[PDB]
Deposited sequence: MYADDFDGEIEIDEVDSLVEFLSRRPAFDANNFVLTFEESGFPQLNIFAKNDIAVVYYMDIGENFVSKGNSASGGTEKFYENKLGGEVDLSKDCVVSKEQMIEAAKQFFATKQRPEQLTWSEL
């Protein structure tokens, strides 16, 4: 499976590597992950992570979903040089909840059933 983060792309073959990979925080105590099985990048799980929190997107052609936590904004980083992005606090989910989602997407190649989703 393709796995992209701040530092580039590696290929992940089993869940334990994936779980270690999602723990990486190369800069600003943050990361931006793209998990996909397709060369075109669709479907993908696209994860913003900072401290012990995260925002999770699932994307496919004609499909756009975002995690639904429990609201202002929360700043996440998109890259290693510090490009910032403001995301909804309504979408911030626990770092653990995000791992479980990424596990389900790795085993199913489809939208994880763990998280609550809002459709965009």
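Visitor: What ranges of the deposited sequence, counted from 1, have no C-alpha atoms in this structure?
Guide: Deposited residues absent from the model fall in 71-73 alone.
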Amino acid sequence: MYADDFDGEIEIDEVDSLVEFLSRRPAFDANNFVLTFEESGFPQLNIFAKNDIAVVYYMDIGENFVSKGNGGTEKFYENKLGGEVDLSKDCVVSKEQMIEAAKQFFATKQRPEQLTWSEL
From here on, numbers count along this sequence of modelled residues.
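Visitor: Report the stretch with the higher mean CA temperature factor, choosing between 61-69 and 41-49 on the basis of the entry.
Guide: Per the deposited B-factors, the answer is 61-69.
Visitor: So, looking at the entry's B-factor column for Cα atoms, which has the higher mean, 76-84 or 89-97?
Guide: That would be 89-97.
Visitor: Where does the C-alpha B-factor of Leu18 rank in its chain, lowest, middle or highest third?
Guide: Lowest third, going by the recorded CA B-factors of the chain.
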